[PDB]
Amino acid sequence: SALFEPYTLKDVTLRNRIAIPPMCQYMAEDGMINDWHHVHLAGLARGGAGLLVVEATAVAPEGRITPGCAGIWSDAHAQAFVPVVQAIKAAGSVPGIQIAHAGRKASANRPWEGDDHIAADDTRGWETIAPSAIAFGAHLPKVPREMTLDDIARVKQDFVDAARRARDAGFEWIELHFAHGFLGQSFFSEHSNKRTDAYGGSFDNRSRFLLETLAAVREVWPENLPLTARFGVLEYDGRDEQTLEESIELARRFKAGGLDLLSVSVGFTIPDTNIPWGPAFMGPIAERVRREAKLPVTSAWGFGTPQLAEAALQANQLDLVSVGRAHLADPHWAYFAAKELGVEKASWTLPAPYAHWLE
């Protein structure tokens, strides 16, 4: 099976092509992770996936999505990850982390606590920042503060510090969160970026925050460990061919700047869109980016059906298959997939204290 073939990227070898993508847990306190995350992540690693990417972890307090988001904006925050990293490694999975800044979509409630911007008089809330003072709208009506050049320098440095911290905590894989309408994505999109300085207007200017952040992170992130990013390559906003073309150009510049793999997603930059949700619906777009930027890719949404994951790999649409919600439902999804695909000794996807009994 293609799904259970190993994958080598730089010095890191994944035992199979199953990636667990970043999934916010909303269980941290002032950015500090705790035994929620420890057990969640170690349990997933033991389930058999080759790569486990820790949830969006804020590079700065105001870059959290919610009051429950993880952070890595101090060395104490980073140190909290060390035992979890060590547990993921003990289980034979590769520990990754997504470092993030939520931009104008920050200061929101947890998804089961309203999922909306925090009310003005709620002591938990904070001012958001963005390339331009324009609200997302809908359930995220707060108008962000327009970033100064010093803010841009500071946030880039926060990404650098976060990457340094992730390195020193023992992560073997990093993902820059430039997708899903958060700060990076919003610098790229003309919907959200109305700047007239070096960081807006033209394609080069809109790309600049993302490329400069990648280059700055590259200085401190080891060359022998995969350097990746998530990026929304279209919005389903009636501008898809032009947006895709630009996104693919940016992917080429990412590759030239040392990016090893791109997690291809949707932008979610604005609410007024028409996304054609369906099983593996991003497969063909991921394939186009892979082909036209000549860059390894992953993607997500509905690949928890093992045969569909297998088909996407065999069609060379993807290099890794990201499987999210199916792993919340069943942390041992990789074992289920091995069984479904008829892999020999499927139960040994799991560690011996499980595998022996399930043969």
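Each residue number is its position in the shown sequence, starting from 1.
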325-333 versus 303-311 - which carries the larger mean C-alpha B factor in the record: 303-311
Higher-B stretch (mean Cα B-factor, as the entry records it), 20-28 or 345-353: 345-353
Of the residues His101, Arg239, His180, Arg164, the one carrying the largest Cα B-factor as recorded: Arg239
C-alpha B-factor winner, where the candidates are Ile129, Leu261, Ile88, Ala120: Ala120
Third of chain Cα B-factors occupied by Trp277: highest
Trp173 - Cα temperature factor, lowest/middle/highest third of chain: lowest
Chain thirds of CA B-factor: placement of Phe203: highest
Chain-wide C-alpha B factor ranking for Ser186, given as lowest, middle or highest third: lowest
Position of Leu318 among the chain's modelled residues by C-alpha B-factor, lowest, middle or highest third: middle
